[PDB]
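Okay, here we've got a single chain as structure tokens, the form deposited in one PDB entry, with questions on binding and movement later.
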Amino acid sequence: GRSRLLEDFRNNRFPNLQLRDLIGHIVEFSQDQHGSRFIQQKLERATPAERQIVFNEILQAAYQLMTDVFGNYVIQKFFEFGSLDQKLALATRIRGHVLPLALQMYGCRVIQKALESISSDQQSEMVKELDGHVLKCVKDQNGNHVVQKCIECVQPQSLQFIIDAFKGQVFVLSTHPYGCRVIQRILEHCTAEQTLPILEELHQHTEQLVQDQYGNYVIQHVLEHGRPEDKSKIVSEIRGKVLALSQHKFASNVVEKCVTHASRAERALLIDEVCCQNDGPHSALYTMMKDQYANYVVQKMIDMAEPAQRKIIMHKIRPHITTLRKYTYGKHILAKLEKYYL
């Protein structure tokens, strides 16, 4: 757009073009959609001198390139293919500026890459810079990816300050489009010890959480990955309320997960609740198997029930086959029904 060299290249004037021919133009090329691609591909296969030629020009405008729509990719490649020297130099340009990079659309991609590429020491140093700004970053459309990458790569001791910043915020952040994903990473990667007060905070809001469009995902996650004690606390919040919750757009997810991932005792208890209870004139199962949300629960319930309980269920189902075939999701129920006698 500015150099003839650039515009010529952008017109297939140089089929045999090489990094060496780009001296005094690397930054220009790095900012250009096709130039950036050209440099990326050449860097993957270059001699060390070629790589250092490139690195010399880019270092002079590294912060600029880290925040550029196409330049950021060239910075990323040095985190993959670059020397300790080269990686240290870049980390020095980042030092002091982790916060506004983390919050920037392309800078946060650089930070993420850096975190996969540097020593634990340098990781921990970078992460520190966010101290005082965790909640801002957790809720930021760019920053939350940075925080997630931290939780995934950095020694958990070094993330205590992030856990600490959550005191009193677990509910709010769990019902947040981006927050909830951070909570999930924490539950996956941090120690049992660390997550204690998080879990505590979740248990106090199970009722609201299971009904929230993001929150239900946090609860689900505990059901799939947490320790029994925590699953039990969730299950005990579901008992008594199974029929109603099965019909909720979001709470149905959590009920399903209890059927699938709770202990076998708990499963039985949830199945039994719905086989005994009536709903108005008809049966609780009747309501459920016809509901767009609840029927998936019934499906899973048949899948998980022991021979005994599966015999009870199919017998409560049988007198409604004619009035069941109305619904396409009845086809999955009938498939398991016909796959049960001969």
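Between two forms, the rigid core is the largest collection of C-alphas that superpose within 1.5 Å. For every residue, the number given is its place in the sequence shown, counted from 1.
What comes next is about the form deposited in another entry, which is not displayed.
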Shift of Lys300 between the shown form and the other one at or above 2 Å (CA, core fit) = no
inquiry  = Using the rigid core as the reference frame, would you say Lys42 shifts its C-alpha by 2 Å or more between the shown form and the other one?
reply    = yes
query = With the core lined up, does the C-alpha of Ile333 move 2 Å or more between the shown form and the other one?
reply = no
